[PDB]
Amino acid sequence: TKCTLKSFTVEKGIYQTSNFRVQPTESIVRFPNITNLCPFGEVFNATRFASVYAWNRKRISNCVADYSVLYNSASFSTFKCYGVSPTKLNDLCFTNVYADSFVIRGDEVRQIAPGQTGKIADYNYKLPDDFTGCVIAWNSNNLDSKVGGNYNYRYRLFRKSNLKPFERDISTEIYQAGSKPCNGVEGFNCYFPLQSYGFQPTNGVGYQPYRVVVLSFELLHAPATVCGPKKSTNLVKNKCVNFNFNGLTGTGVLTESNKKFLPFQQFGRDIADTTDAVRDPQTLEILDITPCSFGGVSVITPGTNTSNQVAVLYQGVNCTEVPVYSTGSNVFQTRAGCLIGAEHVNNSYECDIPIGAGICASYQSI
Amino acid sequence: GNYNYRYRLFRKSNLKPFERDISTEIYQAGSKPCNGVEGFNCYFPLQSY
Amino acid sequence: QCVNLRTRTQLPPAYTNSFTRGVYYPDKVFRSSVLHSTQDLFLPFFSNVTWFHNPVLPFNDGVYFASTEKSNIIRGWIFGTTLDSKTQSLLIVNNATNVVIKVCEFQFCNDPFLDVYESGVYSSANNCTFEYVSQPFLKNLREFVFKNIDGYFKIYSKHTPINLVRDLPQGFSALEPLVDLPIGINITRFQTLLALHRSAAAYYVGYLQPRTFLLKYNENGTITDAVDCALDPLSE
Ligand SMILES: *[C@@H]1O[C@H](CO)[C@@H](O[C@@H]2O[C@H](CO)[C@@H](O)[C@H](O)[C@H]2NC(C)=O)[C@H](O)[C@H]1NC(C)=O
Ligand SMILES: *[C@@H]1O[C@H](CO)[C@@H](O[C@@H]2O[C@H](CO)[C@@H](O)[C@H](O)[C@H]2NC(C)=O)[C@H](O)[C@H]1NC(C)=O
Ligand SMILES: *[C@@H]1O[C@H](CO)[C@@H](O[C@@H]2O[C@H](CO)[C@@H](O)[C@H](O)[C@H]2NC(C)=O)[C@H](O)[C@H]1NC(C)=O
Ligand SMILES: *[C@@H]1O[C@H](CO)[C@@H](O[C@@H]2O[C@H](CO)[C@@H](O)[C@H](O)[C@H]2NC(C)=O)[C@H](O)[C@H]1NC(C)=O
Ligand SMILES: *[C@@H]1O[C@H](CO)[C@@H](O[C@@H]2O[C@H](CO)[C@@H](O)[C@H](O)[C@H]2NC(C)=O)[C@H](O)[C@H]1NC(C)=O
Ligand SMILES: *[C@@H]1O[C@H](CO)[C@@H](O[C@@H]2O[C@H](CO)[C@@H](O)[C@H](O)[C@H]2NC(C)=O)[C@H](O)[C@H]1NC(C)=O
Ligand SMILES: *[C@@H]1O[C@H](CO)[C@@H](O)[C@H](O)[C@H]1NC(C)=O
Ligand SMILES: *[C@@H]1O[C@H](CO)[C@@H](O)[C@H](O)[C@H]1NC(C)=O
Ligand SMILES: *[C@@H]1O[C@H](CO)[C@@H](O)[C@H](O)[C@H]1NC(C)=O
Ligand SMILES: *[C@@H]1O[C@H](CO)[C@@H](O)[C@H](O)[C@H]1NC(C)=O
């Protein structure tokens, strides 16, 4: 009171000092059951991968993809990422994903990178210097390499120019290194641009077959529909908490409600555009939201010059949630709120310090 | 090429203004604990130029 | 397997009165016993709606489609701008078991028709992007509203049992939302699909315009009455 009045003495009366509100206890968040997972098992558990110059391309859109398990997979030799951090990509998401799968040599694993050159990097698959996404590489010597020679795999060795970003070259034209033309038959200056891979089970690290899949993320103006599930939690009732019901955020106390939502609404507002009811996305039931209690506090004093003790009134607050004056003295509940520090008397006198609803207080104690 | 200059690559949180960090410790990028030993999802936070 | 017919399908393009049909729930918010004013695309009251007894038609901002259907002869819809494989096209079919939605660059024929003895009105189907299958859509009145806003295709539907003979009956019936699709296309024309067996159908088409309406919600949240704020001075 003295601080609010900015004085060291207080006259008799009732003053309004500060406010009061209940604080949130914990937080909750709800989301639908989460289904329609992006097809990724058939990509990384596929039987065979195509050639490096004929890399398989897969388009991913309109699903939910959990990349945390891929990042936590212990069977992957190399898991690199360029555009974003591998840990936090599960939250942010773009509109579509492109997967390029192929098989290269052990020493050619670092050819597939921005700002890199090589036979694969310039003839089979070239990444733009501004590429965003990730690359997953793993040895497959026990599977792809053949004891009789895995010559089914083929790699491009010759081309007049390099490869454009995300461009596939499958041209089988006879490369003419020299100026002597050839009528489709390789000669001194004519050669086949594609050569079979000579993978063997016993060839050493660096020449063993390595399966590599490159994931690229694109953010066309169409709405983004592919990224990780949003983990939900349980719910509580009869507690002023803050909630995030399917992206609708607010603070209040949640109770059971008897309103009858029609089967396509999700939340309701009464008037002046204030939400009152929500539907939990999992259990599909109607809840009720109430703002948890608040109100002003006032001090009743007989005057600093007279005495030194005071009483406190919380305005429009039920006498159940009061919290140093948590117990104090006898506590009275009145139509105007709750009062602490004064005793109720059966007599009746002239009104000294008005309080409200037909009652007031005076000093004798208060 | 000059490699006497290095910059931080990994950090647990965001730096406060006018703050200095010089500790060189392995990063537990993944769920697997590195336990002070480099391995999968464990990289040196300093990157050269 | 698509060929043009011999005779012309000279469907008479008649006109009739809209009355007070074509009201749909604008959002998914529940309100009880309240009057709410909203501005959006609607079919104006007492408008002049076209009646067909399969020409290429424009799309404009939105489309209101009505069918005085008997025994479920209408089957689907086609959407697009160039209607060829050089641009994206949308296809919706409702056969006996389910409804199929495709977003591909087809090569339709000059007079598509379903045929009965699946889909053969298109010569090619390439670069397919979106596929969808769901429950079947359909003396009955079938009302549909088609909208396309910021890459979202909105489809609202309603079915009504009627006993009147020819024109749209007087009354009020709101339309619930049915389907939302997050596909970005700039559709400007559309078409009707009929299972024409080799051996003459009436439907009504109207357009939507931006305006403000006043809607009444009863205790249960059902829209039972509406007022057009631009019809006459009393309504204003
Ligand atoms: C490819 O298949 C293997 C075999 O099932 C998958 O590995 C399993 O992953 C689950 C998920 O953590 C584990 O509980 C199993 O113990 C694993 N089994 C084996 C034999 O490894 C692997 O996850 C699949 N890969 C993809 C991308 O789906
Ligand atoms: C979301 O998934 C949960 C987990 O299965 C579903 O909860 C079960 O629903 C069945 C359906 O009758 C009940 O028999 C079970 O008792 C529920 N288990 C619980 C509540 O722990 C829930 O129904 C799903 N919600 C959907 C599909 O909307
Ligand atoms: C403050 O809250 C309590 C808790 O509900 C109220 O006590 C209720 O009083 C009515 C009328 O006497 C009883 O029918 C209820 O059973 C009581 N509730 C409980 C949980 O027992 C109290 O009335 C509230 N204060 C005021 C001024 O209304
Ligand atoms: C109605 O259309 C649906 C959708 O095309 C048909 O169901 C599919 O038919 C194809 C072609 O035989 C199958 O490959 C799919 O497996 C079917 N899917 C389902 C969910 O059944 C259906 O057969 C058609 N029915 C009629 C009577 O035309
Ligand atoms: C075939 O489909 C692809 C992929 O949907 C189309 O490629 C897109 O083309 C548009 C046109 O400028 C670009 O803006 C996109 O970035 C491309 N990639 C996407 C959407 O992933 C291609 O245009 C289609 N071909 C035809 C003839 O329509
Ligand atoms: C609005 O909802 C109420 C309550 O659900 C409906 O009142 C019930 O109507 C059914 C059939 O119309 C009766 O069998 C019930 O007995 C009614 N409830 C009670 C408590 O009597 C009401 O019909 C709904 N529609 C309107 C326009 O009010
Ligand atoms: C008010 O204060 C004065 C001294 O400042 C004192 O003499 C007087 O008695 C006080 N009045 C009371 C206590 O009623
Ligand atoms: C008098 O006051 C007491 C408490 O102060 C109360 O319990 C009682 O009901 C009142 N009236 C009487 C005793 O008639
Ligand atoms: C509808 O338009 C036609 C011509 O397009 C006209 O003959 C008819 O009177 C109109 N009906 C109205 C305005 O109710
Ligand atoms: C449709 O074409 C217009 C140009 O006429 C273009 O501005 C618009 O972006 C196109 N729609 C989409 C979804 O790209």
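- Method of structure determination, per the deposited record: cryo-EM was used for this entry, reaching 2.9 Å resolution.

Quick look at the interface of chain C and chain A
- Facing 14 residues of chain C, the contacting portion of chain A comprises 14 residues.
- Around 1300 Å² of area is buried between chain C and chain A when both sides are counted, 67% of it from carbon and sulfur atoms.
- Area buried by chain C at its contact with chain A is led by C:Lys28, C:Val29 and C:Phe30, which between them contribute 43% of it.
- Counting across the interface, chain C meets chain A through zero salt bridges.
- On inspection of chain C and its partner chain A, the count reaches three residue pairs in polar contact.
- Contributing elements (two or more residues each) for the side of chain C that touches chain A: β3 (29-30) and β14 (174-181) of chain C.
- Residues belonging to the side of chain C that touches chain A are distributed by class as follows: eight nonpolar, two polar and four charged.
- The pairing of strand β14 (residues 267-269) of chain A with β3(C) spans two bridges and is classified as parallel.

Brief notes about the packing of aromatic side chains
All names here are of chain A.
- Per the counting criterion, the structure on display carries 43 aromatic pairs over all chains.
- For the pair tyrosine 82 and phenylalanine 131, a centre-to-centre distance of 6.5 Å together with 75° between the ring planes defines the contact as edge-to-face. Residue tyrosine 82 is located in the loop between β4 (78-81) and β5 (96-104), and its partner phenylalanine 131 is located in the loop between α4 (119-124) and β6 (133-139); the two are separated by 49 residues in the primary sequence.
- Residue classification places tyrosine 82 among the partly exposed residues on the basis of a relative accessible area of 38%.

Considering the pattern of salt bridges
- Tallied over the full model, the rule gives 16 salt bridges over all chains.
- One network of salt bridges, in which partners are shared, links A:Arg156, A:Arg159, A:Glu167 and A:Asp169.

Structural notes on empty space enclosed by the protein
Residues and elements named next belong to chain A.
- Approximately 90 Å³ is the volume attributed to the largest cavity.
- Looking at the largest cavity, the residues that line it are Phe40, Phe44, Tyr67, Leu70, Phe79, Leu89, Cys134, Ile136, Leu215 and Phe217.
- Of the residues that constitute the lining of the largest cavity, the class distribution is 10 nonpolar, no polar and no charged.

Let's talk about the state of the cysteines
All names here are of chain B.
- Across all of its chains, the model carries nine disulfides over all chains by this definition.
- Through a disulfide, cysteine 34 is tied to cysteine 42; the S-S separation comes to 2.0 Å. Across the S-S bond linking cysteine 34 and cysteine 42, the dihedral sits near -95°, which makes this disulfide left-handed. The same class applies to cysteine 34 as to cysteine 42, namely buried.

Observations concerning the UniProt feature "disulfide bond" in chain B
- A separation of 2.0 Å between the sulfurs of B:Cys34 and B:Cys42 falls under 2.5 Å, matching the UniProt disulfide annotation for this pair.
- Judged by its relative accessible area of 1%, B:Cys42 falls in the buried class.

Concerning the sheet that holds β14(C)
Residue and element names in this part refer to chain C.
- Strand order across the open sheet formed by eight strands is β1-β5-β16-β7-β12-β13-β14-β2, with mixed pairing between neighbours. Strands at the two margins of the open sheet, each flanked by one partner only, are β1 (13-17) and β2 (23-24).
- Pairing geometry for strand β7 (residues 62-69) and strand β16 (residues 203-207), over five bridges, is antiparallel. The residue bridging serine 67 from the neighbouring strand is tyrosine 203, located in β16.

How each quantity is defined
- Residues numbered from 1 in each chain as written, not as in the entry; some residues may be left out.
- Chains lettered and ligands numbered in written order.
- Part of a larger assembly, values for the part shown.
- Heavy atoms only, no water.
- Contact = heavy atoms within 4.5 Å.
- Buried area = accessible area lost by both parts, 1.4 Å probe.
- Salt bridge = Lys/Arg side-chain N within 4 Å of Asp/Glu carboxyl O.
- Polar contact = N/O pair within 3.5 Å; in protein donor to acceptor, adjacent residues only side chain to side chain.
- Helix = DSSP H or I, 4+ residues; strand = E, 2+ residues; numbered from the N terminus.
- Nonpolar A, V, L, I, M, F, W, Y, C, P; charged D, E, K, R; others polar.
- Pairing = 2+ DSSP bridges.
- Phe/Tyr/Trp six-rings, centres within 6.5 Å; stacked < 30°, edge-to-face > 60°.
- Buried < 20%, exposed > 50% of the residue type's maximum accessible area, 1.4 Å probe, protein only.
- 1 Å grid on protein atoms, 1.4 Å probe; cavity = no way out; pocket = protein on both sides within 12 Å on 5 of 7 lines; lining within 4 Å.
- Points joined across faces, edges and corners; volume = space filled by probe spheres on them.
- Disulfide = S-S within 2.5 Å.
- UniProt positions renumbered as here; feature names shortened; annotations may be inferred.

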